[PDB]
Every structure is written in structure tokens, then in C-alpha cells.
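Undergrad: Contents of my_file-v6.txt (compact mmCIF, C-alpha atoms) are given next:
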```
# COMPACT_ATOMS: atom_id res chain seq x y z
CA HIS A 6 82.50 -73.04 357.11
CA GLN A 7 81.85 -75.71 354.45
CA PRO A 8 84.71 -75.91 351.85
CA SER A 9 82.34 -76.29 348.84
CA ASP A 10 80.79 -72.89 349.73
CA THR A 11 84.22 -71.23 349.95
CA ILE A 12 84.88 -72.30 346.35
CA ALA A 13 81.38 -71.39 345.07
CA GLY A 14 81.85 -67.98 346.73
CA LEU A 15 85.31 -67.59 345.18
CA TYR A 16 83.94 -67.87 341.62
CA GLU A 17 80.88 -65.66 342.40
CA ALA A 18 83.45 -63.08 343.61
CA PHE A 19 85.66 -63.38 340.51
CA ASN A 20 82.53 -62.98 338.32
CA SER A 21 81.29 -59.82 340.13
CA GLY A 22 84.74 -58.16 340.51
CA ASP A 23 84.44 -58.33 344.30
CA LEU A 24 87.99 -57.89 345.64
CA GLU A 25 86.83 -57.50 349.29
CA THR A 26 85.32 -61.02 349.27
CA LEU A 27 88.30 -62.52 347.40
CA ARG A 28 90.61 -61.26 350.13
CA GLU A 29 88.29 -62.77 352.79
CA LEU A 30 88.19 -66.15 350.95
CA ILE A 31 91.94 -66.44 350.11
CA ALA A 32 94.72 -66.35 352.70
CA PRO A 33 97.42 -63.72 351.88
CA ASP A 34 100.15 -66.38 352.07
CA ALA A 35 98.15 -69.01 350.13
CA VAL A 36 100.26 -70.99 347.66
CA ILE A 37 98.78 -70.54 344.16
CA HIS A 38 99.93 -72.90 341.40
CA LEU A 39 99.00 -71.19 338.16
CA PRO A 40 99.73 -72.92 334.89
CA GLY A 41 102.94 -72.17 332.94
CA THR A 42 101.05 -69.84 330.57
CA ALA A 43 100.72 -67.47 333.59
CA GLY A 44 104.50 -67.32 334.09
CA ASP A 45 106.66 -64.25 333.57
CA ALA A 46 110.32 -63.26 334.21
CA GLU A 47 109.90 -62.82 337.98
CA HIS A 48 107.88 -66.11 338.29
CA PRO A 49 109.00 -69.02 336.02
CA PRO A 50 106.47 -71.67 334.84
CA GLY A 51 105.62 -73.99 337.75
CA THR A 52 106.73 -71.64 340.56
CA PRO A 53 103.93 -70.70 342.95
CA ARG A 54 102.49 -67.26 343.68
CA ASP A 55 100.78 -65.62 346.66
CA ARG A 56 97.23 -64.21 346.72
CA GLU A 57 98.16 -60.75 345.41
CA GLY A 58 100.14 -62.31 342.54
CA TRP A 59 97.08 -64.34 341.55
CA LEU A 60 94.75 -61.37 341.84
CA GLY A 61 97.22 -59.35 339.75
CA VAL A 62 96.93 -61.96 336.99
CA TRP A 63 93.14 -62.00 337.31
CA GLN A 64 92.95 -58.13 337.16
CA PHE A 65 94.94 -58.29 333.92
CA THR A 66 92.62 -60.91 332.40
CA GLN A 67 89.56 -58.75 333.27
CA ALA A 68 90.99 -56.03 331.01
CA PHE A 69 90.76 -58.35 327.92
CA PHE A 70 87.66 -60.37 328.79
CA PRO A 71 85.55 -58.02 330.92
CA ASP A 72 82.33 -60.03 330.30
CA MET A 73 84.00 -63.36 331.21
CA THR A 74 82.23 -65.58 333.73
CA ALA A 75 83.41 -68.83 335.32
CA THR A 76 80.51 -71.17 336.20
CA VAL A 77 81.02 -74.24 338.42
CA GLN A 78 79.71 -77.39 336.64
CA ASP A 79 80.88 -80.11 339.02
CA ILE A 80 82.24 -79.93 342.53
CA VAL A 81 83.84 -82.67 344.57
CA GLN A 82 85.14 -82.66 348.17
CA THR A 83 86.90 -84.84 350.70
CA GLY A 84 87.98 -83.11 353.90
CA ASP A 85 89.80 -79.82 353.30
CA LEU A 86 90.29 -80.57 349.53
CA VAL A 87 87.77 -79.34 346.92
CA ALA A 88 88.02 -79.91 343.17
CA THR A 89 85.93 -78.11 340.59
CA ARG A 90 85.26 -78.19 336.91
CA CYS A 91 84.17 -74.81 335.57
CA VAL A 92 83.28 -73.35 332.22
CA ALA A 93 84.59 -69.91 331.32
CA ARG A 94 82.28 -68.12 328.84
CA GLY A 95 82.97 -64.72 327.37
CA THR A 96 83.53 -62.84 324.16
CA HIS A 97 86.26 -61.41 322.05
CA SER A 98 85.30 -57.79 322.81
CA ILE A 99 88.76 -56.23 323.43
CA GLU A 100 91.71 -56.37 321.00
CA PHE A 101 94.31 -58.97 322.00
CA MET A 102 97.21 -60.78 320.30
CA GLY A 103 96.90 -58.07 317.63
CA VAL A 104 93.42 -59.13 316.49
CA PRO A 105 90.62 -56.51 316.74
CA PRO A 106 87.41 -57.57 318.52
CA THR A 107 85.05 -59.89 316.66
CA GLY A 108 82.31 -60.37 319.29
CA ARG A 109 82.75 -64.15 318.83
CA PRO A 110 81.95 -66.23 321.95
CA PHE A 111 84.15 -68.79 323.72
CA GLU A 112 83.48 -71.59 326.18
CA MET A 113 86.49 -73.26 327.87
CA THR A 114 87.03 -75.81 330.60
CA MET A 115 88.87 -74.90 333.79
CA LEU A 116 89.87 -77.59 336.24
CA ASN A 117 90.82 -76.55 339.77
CA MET A 118 91.77 -78.10 343.07
CA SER A 119 91.96 -76.13 346.32
CA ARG A 120 92.85 -76.81 349.96
CA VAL A 121 90.56 -74.86 352.36
CA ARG A 122 91.52 -74.28 356.06
CA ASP A 123 89.26 -72.16 358.34
CA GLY A 124 87.01 -71.01 355.47
CA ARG A 125 89.92 -69.68 353.37
CA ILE A 126 91.85 -71.08 350.42
CA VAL A 127 95.48 -71.81 351.43
CA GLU A 128 96.59 -73.82 348.37
CA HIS A 129 95.19 -73.80 344.83
CA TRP A 130 95.97 -75.50 341.51
CA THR A 131 94.26 -74.39 338.29
CA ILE A 132 94.55 -74.94 334.52
CA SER A 133 92.34 -73.68 331.68
CA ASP A 134 91.97 -75.12 328.21
CA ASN A 135 93.49 -72.05 326.57
CA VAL A 136 94.16 -73.65 323.17
CA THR A 137 90.50 -74.56 322.78
CA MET A 138 89.53 -70.96 323.57
CA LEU A 139 91.86 -69.70 320.85
CA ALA A 140 90.49 -72.30 318.41
CA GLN A 141 86.92 -71.21 319.20
CA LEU A 142 87.84 -67.56 318.55
CA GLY A 143 89.19 -68.47 315.05
CA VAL A 144 86.09 -70.34 313.79
CA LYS A 145 82.57 -68.85 313.48
CA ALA A 146 80.55 -70.79 310.77
CA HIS B 6 85.44 -100.94 342.24
CA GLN B 7 85.17 -97.83 344.50
CA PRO B 8 85.72 -94.94 341.98
CA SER B 9 89.07 -93.75 343.47
CA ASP B 10 90.51 -97.26 342.74
CA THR B 11 89.24 -97.16 339.13
CA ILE B 12 91.29 -93.97 338.64
CA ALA B 13 94.38 -95.26 340.47
CA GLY B 14 94.15 -98.39 338.29
CA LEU B 15 93.75 -96.29 335.13
CA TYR B 16 97.08 -94.50 335.66
CA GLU B 17 98.89 -97.72 336.74
CA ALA B 18 97.62 -99.17 333.42
CA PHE B 19 98.77 -96.18 331.34
CA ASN B 20 102.21 -96.36 333.03
CA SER B 21 102.65 -100.13 332.34
CA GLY B 22 101.20 -100.11 328.77
CA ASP B 23 98.39 -102.43 329.87
CA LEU B 24 95.73 -102.07 327.15
CA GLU B 25 93.61 -105.01 328.46
CA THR B 26 93.04 -103.23 331.80
CA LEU B 27 92.44 -99.84 330.13
CA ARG B 28 89.61 -101.38 328.10
CA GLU B 29 88.14 -102.93 331.29
CA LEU B 30 88.34 -99.57 333.15
CA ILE B 31 87.00 -97.30 330.33
CA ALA B 32 83.61 -97.75 328.66
CA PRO B 33 83.89 -97.92 324.82
CA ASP B 34 81.39 -95.07 324.43
CA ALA B 35 82.91 -92.94 327.23
CA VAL B 36 83.06 -89.20 326.47
CA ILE B 37 86.70 -88.05 326.70
CA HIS B 38 87.35 -84.30 326.83
CA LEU B 39 91.03 -83.90 326.01
CA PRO B 40 92.57 -80.45 325.94
CA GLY B 41 93.02 -78.55 322.66
CA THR B 42 96.68 -79.59 322.43
CA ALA B 43 95.37 -83.16 321.78
CA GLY B 44 93.33 -82.05 318.75
CA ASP B 45 94.03 -82.93 315.14
CA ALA B 46 92.36 -82.31 311.74
CA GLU B 47 89.65 -84.96 312.21
CA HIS B 48 88.95 -83.80 315.85
CA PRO B 49 89.10 -80.01 316.46
CA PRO B 50 90.10 -78.56 319.87
CA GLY B 51 87.23 -79.03 322.33
CA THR B 52 85.44 -81.84 320.46
CA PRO B 53 85.17 -85.00 322.57
CA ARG B 54 86.53 -88.45 321.75
CA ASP B 55 85.60 -92.05 322.55
CA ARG B 56 87.83 -94.57 324.37
CA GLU B 57 89.66 -95.77 321.25
CA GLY B 58 90.34 -92.18 320.19
CA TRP B 59 91.89 -91.46 323.59
CA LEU B 60 93.96 -94.63 323.53
CA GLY B 61 95.04 -93.72 319.98
CA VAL B 62 96.31 -90.36 321.26
CA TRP B 63 98.06 -92.04 324.18
CA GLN B 64 99.73 -94.62 321.86
CA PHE B 65 101.03 -91.75 319.70
CA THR B 66 102.44 -89.88 322.71
CA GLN B 67 104.32 -93.03 323.79
CA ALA B 68 106.38 -92.74 320.57
CA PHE B 69 107.81 -89.32 321.73
CA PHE B 70 107.84 -89.82 325.50
CA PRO B 71 108.37 -93.58 325.91
CA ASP B 72 109.47 -93.37 329.57
CA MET B 73 106.59 -91.03 330.54
CA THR B 74 104.74 -91.81 333.76
CA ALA B 75 101.74 -90.14 335.40
CA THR B 76 101.75 -90.28 339.24
CA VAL B 77 98.64 -89.37 341.26
CA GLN B 78 99.49 -86.72 343.92
CA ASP B 79 96.01 -85.90 345.27
CA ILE B 80 92.69 -87.61 344.78
CA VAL B 81 89.21 -86.49 345.73
CA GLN B 82 85.84 -88.26 345.32
CA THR B 83 82.16 -87.61 345.91
CA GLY B 84 79.66 -90.06 344.43
CA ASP B 85 80.50 -91.06 340.86
CA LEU B 86 82.94 -88.10 340.38
CA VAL B 87 86.70 -88.39 341.04
CA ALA B 88 89.22 -85.59 340.60
CA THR B 89 92.95 -86.05 340.53
CA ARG B 90 96.11 -84.03 340.39
CA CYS B 91 98.97 -85.92 338.74
CA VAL B 92 102.55 -85.26 337.81
CA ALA B 93 103.81 -86.41 334.43
CA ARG B 94 107.56 -87.17 334.50
CA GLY B 95 109.69 -88.17 331.54
CA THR B 96 112.94 -87.44 329.77
CA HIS B 97 113.81 -85.28 326.84
CA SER B 98 115.02 -87.83 324.29
CA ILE B 99 113.49 -86.46 321.03
CA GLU B 100 114.26 -83.10 319.34
CA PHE B 101 111.33 -80.62 319.40
CA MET B 102 111.21 -77.18 317.72
CA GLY B 103 114.86 -77.48 316.69
CA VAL B 104 116.20 -77.93 320.23
CA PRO B 105 118.16 -81.20 320.60
CA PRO B 106 117.52 -83.91 323.21
CA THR B 107 119.21 -83.28 326.55
CA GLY B 108 118.27 -86.43 328.51
CA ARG B 109 117.15 -84.07 331.32
CA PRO B 110 113.98 -84.94 333.25
CA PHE B 111 110.74 -82.95 333.16
CA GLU B 112 107.78 -82.70 335.51
CA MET B 113 104.34 -81.25 334.66
CA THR B 114 100.99 -81.01 336.40
CA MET B 115 97.88 -82.70 335.05
CA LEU B 116 94.45 -82.06 336.52
CA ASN B 117 91.68 -84.56 335.75
CA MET B 118 88.04 -85.16 336.57
CA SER B 119 86.28 -88.44 335.76
CA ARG B 120 82.76 -89.83 336.15
CA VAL B 121 82.79 -93.57 337.06
CA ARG B 122 79.66 -95.78 336.68
CA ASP B 123 79.84 -99.55 337.47
CA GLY B 124 83.64 -99.52 337.91
CA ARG B 125 84.27 -97.92 334.48
CA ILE B 126 85.06 -94.37 333.37
CA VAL B 127 82.17 -92.97 331.26
CA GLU B 128 83.24 -89.30 331.14
CA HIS B 129 86.69 -87.74 331.58
CA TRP B 130 88.16 -84.24 331.50
CA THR B 131 91.92 -83.65 331.55
CA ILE B 132 94.33 -80.72 331.07
CA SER B 133 98.12 -80.64 331.38
CA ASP B 134 100.44 -77.74 332.03
CA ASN B 135 101.84 -77.86 328.50
CA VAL B 136 103.69 -74.53 328.61
CA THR B 137 105.67 -75.64 331.64
CA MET B 138 106.64 -78.83 329.79
CA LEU B 139 107.89 -76.79 326.83
CA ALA B 140 109.80 -74.49 329.20
CA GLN B 141 111.44 -77.52 330.85
CA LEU B 142 112.46 -78.91 327.42
CA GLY B 143 114.20 -75.52 326.56
```
Would you write the structure of this file as C-alpha cells?
TA:
Amino acid sequence: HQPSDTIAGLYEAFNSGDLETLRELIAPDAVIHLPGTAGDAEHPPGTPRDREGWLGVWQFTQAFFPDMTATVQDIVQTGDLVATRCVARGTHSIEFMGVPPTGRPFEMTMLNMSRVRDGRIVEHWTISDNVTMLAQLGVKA
Amino acid sequence: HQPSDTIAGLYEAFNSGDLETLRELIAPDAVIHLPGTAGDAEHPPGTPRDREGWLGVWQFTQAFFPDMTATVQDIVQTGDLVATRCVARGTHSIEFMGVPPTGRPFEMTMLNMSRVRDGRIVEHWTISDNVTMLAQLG
């Protein structure tokens, strides 16, 4: 099952809130390298997480940016590896970091690389340009 | 050059300080999307830069992390697009945020994507795991 479709499906699933598909497309024991911003006490910056850890982080993000969508811009494959560039678009519609909602939009780059075996993600690296998002939210005209 | 070699050459050039090669491998009018951490007053987070802007930022980084090296771990290509995962290693020789140098090593992930036309980079996206670097520095 072609690895580029696995990754296109993954982001369609994240956008629609479709946990059943996400569990089909990601192995339970997949190694997920989230950036250091996603670290906590139990999981220091640079230590990997499993699928449910990743989905836990995603669930928490959906609470602050419920209209957020990741759109694949470029996609690149060689064998079981797939790399994507996405754009996350959304609004400041929920209060966060102590600032009440402004409605202001944001558009930030995500870069990802994933290893896909048997139609499922088994390793994944991702980083988002979080500082640019914050800059965009503090600058309308 | 096959695009994967252009990108391997690019990081060999950054590691050795080889500005002549970097100018061969990057078009002058290339669009460089650096992460928001690389912004300044003249160039807000998310605004692109040209080759000389990028090299200017790199030169400035070499003042604080003079032994820093990027090593390509994985590389992936399809047409003109190449994507890489690198590891930046260096040592903590300069005080930051009031915490003194330790001499300890640090290791952070970079992800990159580059468009290569006629053996030269014409567009480039990069992001580094900056928070992990700061955690490593203590």
C-alpha cells in the first residue's frame, strides 16, 4: 500500500479528527520523535514516544486550535521513507498562554519524515515552525 | 549534480567553512525559508531570505558555535525535491541565559527540504529542534 498515500491519509485523518483511521495508519509501537517543545517531565526533549503518546499530544492541541488543518504541500519518497512539507493553518479562537482569542489567522511550516512498513507508520520525525506561528499571532496590520 | 549530492555537498561545505562551494551550490536569488528563531528586526519570522542572507545568518552562528557540524542521517529525493534529516553537534563554550559554558556536547535534529534546479539549490526550508538544544545546554 503506497507509502505516499499512508502519509496523505494520516493528515486527512488528523484534520477530520478520525482516531479509527489514525490507529490503522500508525503502528502502536511506532517510534515518534516529536520536537523538544512537546517534551514534559515523563518524556524529556529528544526522547521518543509511542502512538498513544503522540495522539495524546495531538488531542491536547485540538483543544486550543480546533479549526487547525495541516495541508501537504510537497511530498517526497524513496522506498519505505516519505518526507513531507505541510502548512498548518488555523486561528486564535481559544485562550492560550493567557491571551484571550483574537480570531487572528496563522500559517506555519511543518516538516516531517516517516518510515512506512506494511501500510503503517513505524517511525516518524516532525518539527513545526512554532516561533513563526507566535509571531503571526502578535501582528495583524 | 544529482540533487542528493548537491545537498550532501552543501552540508560538507557548511561544516568546512567553504564559502566558494556554497555559492556554487546555492543560487543567489534562491528563496530560503529559515525558521522564526533565525529572524531579526529587518527580517520577521516567516519572511524568506536570499542566499547572502542565509550565509550571513550562518556566519553569525559560527561565532557562538564554532565547532558546530551538521551530519546527514537520512536523505530522500523525488525529482527536484530533496529532504534530509540531520543532526547538529557542537559544544557548549559560550554562556547563554546566564548559564556558564560546560564544554559538554549537544545533539539536535534538523529537518530540511530543498528544491534543486541545474545542480543548485533554488528553494530551501529548514527547522531545528531548538528547545532540545536549550535543554541540552541547561
Undergrad: Which residues are near stretch 16-18 of chain A? Cut-off 8 Å, only C-alpha atoms, ignore same chain within fewer than 5 positions. Put them as a ChimeraX atom specification.
TA: /A:23-24,26-27,75-77
Undergrad: With all atoms listed in the file as the atoms that count, which of A:112, A:47, A:134, A:34 lies nearest to chain B?
TA: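 When distances to chain B are compared using all atoms listed in the file, the smallest one comes from A:134.
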Undergrad: Can you work out which residues from chain B touch chain A at a cut-off of 7 Å (counting all atoms listed in the file) and hand them back as a count of residues only?
TA: 15
Undergrad: If you count only C-alpha atoms, which residues fall within 10 Å of residue A:67, apart from same-chain ones fewer than 6 positions away, as a count of residues only?
TA: 4
Undergrad: So the first atom is atom CA of residue A:95 and the second is atom CA of residue A:71; what is the distance between them in Å, to one decimal place?
TA: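 Interatomic distance, atom CA of residue A:95 to atom CA of residue A:71: 8.0 Å.
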Undergrad: So that I can check the surroundings of stretch 97-111 of chain B, please list as a list in words every protein, DNA and RNA residue that reaches within 10 Å of it, counting only C-alpha atoms and ignoring chain neighbours fewer than 6 positions away.
TA: residues 68, 69, 70, 71, 72, 73, 137, 138, 139, 140, 141, 142 and 143 of chain B
Undergrad: Can you work out which one of A:104, A:62, A:68, A:126 has the shortest atom-to-atom distance to residue A:30, counting only C-alpha atoms?
TA: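 Looking only at the distances to residue A:30, the closest residue turns out to be A:126.
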Undergrad: Set the distance at 12 Å and use only C-alpha atoms: which residues neighbour residue B:9 once local chain neighbours fewer than 5 positions away are removed? I'd like the list as a PyMOL selection string.
TA: (chain A and resi 83) or (chain B and resi 14-16+30+77+79-89+118-122+124-126)
Undergrad: Take the residues that were just selected and, keeping C-alpha atoms, output them as a PDB file, keeping the file's coordinate frame.
TA:
```pdb
ATOM      1  CA  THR A  83      86.900 -84.840 350.700  1.00  0.00           C
TER       2      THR A  83
ATOM      3  CA  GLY B  14      94.150 -98.390 338.290  1.00  0.00           C
ATOM      4  CA  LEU B  15      93.750 -96.290 335.130  1.00  0.00           C
ATOM      5  CA  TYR B  16      97.080 -94.500 335.660  1.00  0.00           C
ATOM      6  CA  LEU B  30      88.340 -99.570 333.150  1.00  0.00           C
ATOM      7  CA  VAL B  77      98.640 -89.370 341.260  1.00  0.00           C
ATOM      8  CA  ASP B  79      96.010 -85.900 345.270  1.00  0.00           C
ATOM      9  CA  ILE B  80      92.690 -87.610 344.780  1.00  0.00           C
ATOM     10  CA  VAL B  81      89.210 -86.490 345.730  1.00  0.00           C
ATOM     11  CA  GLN B  82      85.840 -88.260 345.320  1.00  0.00           C
ATOM     12  CA  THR B  83      82.160 -87.610 345.910  1.00  0.00           C
ATOM     13  CA  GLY B  84      79.660 -90.060 344.430  1.00  0.00           C
ATOM     14  CA  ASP B  85      80.500 -91.060 340.860  1.00  0.00           C
ATOM     15  CA  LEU B  86      82.940 -88.100 340.380  1.00  0.00           C
ATOM     16  CA  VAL B  87      86.700 -88.390 341.040  1.00  0.00           C
ATOM     17  CA  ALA B  88      89.220 -85.590 340.600  1.00  0.00           C
ATOM     18  CA  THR B  89      92.950 -86.050 340.530  1.00  0.00           C
ATOM     19  CA  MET B 118      88.040 -85.160 336.570  1.00  0.00           C
ATOM     20  CA  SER B 119      86.280 -88.440 335.760  1.00  0.00           C
ATOM     21  CA  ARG B 120      82.760 -89.830 336.150  1.00  0.00           C
ATOM     22  CA  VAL B 121      82.790 -93.570 337.060  1.00  0.00           C
ATOM     23  CA  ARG B 122      79.660 -95.780 336.680  1.00  0.00           C
ATOM     24  CA  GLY B 124      83.640 -99.520 337.910  1.00  0.00           C
ATOM     25  CA  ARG B 125      84.270 -97.920 334.480  1.00  0.00           C
ATOM     26  CA  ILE B 126      85.060 -94.370 333.370  1.00  0.00           C
TER      27      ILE B 126
END
```
Undergrad: Go ahead and compute the interatomic distance for atom CA of residue B:52 and atom CA of residue B:39, in Å to one decimal.
TA: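 About the pair atom CA of residue B:52 and atom CA of residue B:39: they are 8.1 Å apart.
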Undergrad: One number please: atom CA of residue B:55 to atom CA of residue B:114, in Å, one decimal.
TA: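 Separation of atom CA of residue B:55 and atom CA of residue B:114: 23.5 Å.
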Undergrad: Smallest atom-to-atom distance to residue A:119: which of B:8, B:90, B:113, B:129, using all atoms listed in the file?
TA: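 Once distances to residue A:119 are computed over all atoms listed in the file, the minimum belongs to B:90.
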Undergrad: From the set A:78, A:99, A:31, A:121, which residue has the shortest atom-to-atom contact distance to residue A:59, counting all atoms listed in the file?
TA: A:31
Undergrad: Can you pull out every residue within 6 Å of residue A:37, counting all atoms listed in the file, but drop anything in the same chain fewer than 4 positions away, and send it as a list in words?
TA: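 The residues satisfying every condition are residues 53, 54, 55, 128 and 129 of chain A.
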Undergrad: Kindly add N, CA and C atoms to the incomplete stretch 28-48 of chain B and provide the output as a PDB file, keeping the file's coordinate frame.
TA:
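And here is the file that came out, out_25.pdb:
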```pdb
ATOM      1  N   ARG B  28      90.914-101.090 328.715  1.00  0.00           N
ATOM      2  CA  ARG B  28      89.610-101.380 328.100  1.00  0.00           C
ATOM      3  C   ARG B  28      88.577-101.910 329.106  1.00  0.00           C
ATOM      4  N   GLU B  29      89.031-102.567 330.174  1.00  0.00           N
ATOM      5  CA  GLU B  29      88.140-102.930 331.290  1.00  0.00           C
ATOM      6  C   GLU B  29      87.682-101.670 332.040  1.00  0.00           C
ATOM      7  N   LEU B  30      88.620-100.778 332.354  1.00  0.00           N
ATOM      8  CA  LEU B  30      88.340 -99.570 333.150  1.00  0.00           C
ATOM      9  C   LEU B  30      87.718 -98.378 332.415  1.00  0.00           C
ATOM     10  N   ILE B  31      87.608 -98.411 331.094  1.00  0.00           N
ATOM     11  CA  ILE B  31      87.000 -97.300 330.330  1.00  0.00           C
ATOM     12  C   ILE B  31      85.916 -97.848 329.426  1.00  0.00           C
ATOM     13  N   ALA B  32      84.702 -97.341 329.537  1.00  0.00           N
ATOM     14  CA  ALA B  32      83.610 -97.750 328.660  1.00  0.00           C
ATOM     15  C   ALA B  32      83.972 -97.372 327.216  1.00  0.00           C
ATOM     16  N   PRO B  33      83.595 -98.218 326.232  1.00  0.00           N
ATOM     17  CA  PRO B  33      83.890 -97.920 324.820  1.00  0.00           C
ATOM     18  C   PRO B  33      83.311 -96.593 324.326  1.00  0.00           C
ATOM     19  N   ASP B  34      82.112 -96.281 324.796  1.00  0.00           N
ATOM     20  CA  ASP B  34      81.390 -95.070 324.430  1.00  0.00           C
ATOM     21  C   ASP B  34      81.530 -93.945 325.495  1.00  0.00           C
ATOM     22  N   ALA B  35      82.596 -94.004 326.301  1.00  0.00           N
ATOM     23  CA  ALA B  35      82.910 -92.940 327.230  1.00  0.00           C
ATOM     24  C   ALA B  35      83.184 -91.645 326.487  1.00  0.00           C
ATOM     25  N   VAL B  36      82.803 -90.523 327.070  1.00  0.00           N
ATOM     26  CA  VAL B  36      83.060 -89.200 326.470  1.00  0.00           C
ATOM     27  C   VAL B  36      84.349 -88.632 327.064  1.00  0.00           C
ATOM     28  N   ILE B  37      85.389 -88.518 326.243  1.00  0.00           N
ATOM     29  CA  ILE B  37      86.700 -88.050 326.700  1.00  0.00           C
ATOM     30  C   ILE B  37      86.985 -86.633 326.189  1.00  0.00           C
ATOM     31  N   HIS B  38      87.059 -85.688 327.117  1.00  0.00           N
ATOM     32  CA  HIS B  38      87.350 -84.300 326.830  1.00  0.00           C
ATOM     33  C   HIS B  38      88.846 -84.087 327.047  1.00  0.00           C
ATOM     34  N   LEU B  39      89.603 -84.173 325.976  1.00  0.00           N
ATOM     35  CA  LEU B  39      91.030 -83.900 326.010  1.00  0.00           C
ATOM     36  C   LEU B  39      91.229 -82.429 325.738  1.00  0.00           C
ATOM     37  N   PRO B  40      92.331 -81.867 326.212  1.00  0.00           N
ATOM     38  CA  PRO B  40      92.570 -80.450 325.940  1.00  0.00           C
ATOM     39  C   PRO B  40      92.851 -80.208 324.456  1.00  0.00           C
ATOM     40  N   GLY B  41      92.840 -78.941 324.052  1.00  0.00           N
ATOM     41  CA  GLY B  41      93.020 -78.550 322.660  1.00  0.00           C
ATOM     42  C   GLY B  41      94.344 -78.969 322.039  1.00  0.00           C
ATOM     43  N   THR B  42      95.389 -79.081 322.873  1.00  0.00           N
ATOM     44  CA  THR B  42      96.680 -79.590 322.430  1.00  0.00           C
ATOM     45  C   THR B  42      96.569 -81.004 321.836  1.00  0.00           C
ATOM     46  N   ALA B  43      95.596 -81.805 322.296  1.00  0.00           N
ATOM     47  CA  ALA B  43      95.370 -83.160 321.780  1.00  0.00           C
ATOM     48  C   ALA B  43      94.529 -83.223 320.491  1.00  0.00           C
ATOM     49  N   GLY B  44      94.131 -82.072 319.950  1.00  0.00           N
ATOM     50  CA  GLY B  44      93.330 -82.050 318.750  1.00  0.00           C
ATOM     51  C   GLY B  44      94.141 -82.400 317.528  1.00  0.00           C
ATOM     52  N   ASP B  45      93.435 -82.719 316.448  1.00  0.00           N
ATOM     53  CA  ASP B  45      94.030 -82.930 315.140  1.00  0.00           C
ATOM     54  C   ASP B  45      93.024 -82.426 314.094  1.00  0.00           C
ATOM     55  N   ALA B  46      93.258 -82.713 312.809  1.00  0.00           N
ATOM     56  CA  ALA B  46      92.360 -82.310 311.740  1.00  0.00           C
ATOM     57  C   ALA B  46      90.967 -82.941 311.860  1.00  0.00           C
ATOM     58  N   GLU B  47      90.924 -84.247 312.063  1.00  0.00           N
ATOM     59  CA  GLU B  47      89.650 -84.960 312.210  1.00  0.00           C
ATOM     60  C   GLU B  47      88.855 -84.562 313.485  1.00  0.00           C
ATOM     61  N   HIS B  48      89.551 -84.106 314.535  1.00  0.00           N
ATOM     62  CA  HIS B  48      88.950 -83.800 315.850  1.00  0.00           C
ATOM     63  C   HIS B  48      89.410 -82.449 316.393  1.00  0.00           C
TER      64      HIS B  48
END
```
